[PDB]
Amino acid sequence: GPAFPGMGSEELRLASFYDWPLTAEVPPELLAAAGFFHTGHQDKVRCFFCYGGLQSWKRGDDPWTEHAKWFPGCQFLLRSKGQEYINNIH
């Protein structure tokens, strides 16, 4: 099961990005879709399922790609994107 079930809703995750500092650079819509919510501190986000945290986002970073890069064992990632997608990033 998810590490943080309360952030399992994509809509709730999107709402967390109201004061996201990097709107143009990495869209909240893509971050929320990829399982991440904004902690509210700097550009630190966390996945609701694996609880993996990512920060120091660079312009044009792709949330799903970074999810797979750093947390390839996440079951939300696997269910959403499939194993082939994860394997290809590695």
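In this text, residue numbers run from 1 along the sequence as written.
| Record-listed C-alpha B factor of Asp43: chain third | Lowest third of the chain for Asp43's C-alpha B-factor.
| task | Sorting the chain's modelled residues by C-alpha B-factor, tell me whether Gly60 ends up in the lowest, middle or highest third. | result | Answer is highest: the recorded C-alpha B-factor places it there.
| task | Can you work out whether the C-alpha temperature factor of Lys69 puts it in the lowest, middle or highest third of the chain? | result | Highest third of the chain for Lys69's C-alpha B-factor.
| request: Relative to the other modelled residues of the same chain, rank the CA B-factor of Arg79 and answer lowest, middle or highest third. | output: According to the entry, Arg79 has a C-alpha B-factor in the chain's highest third.
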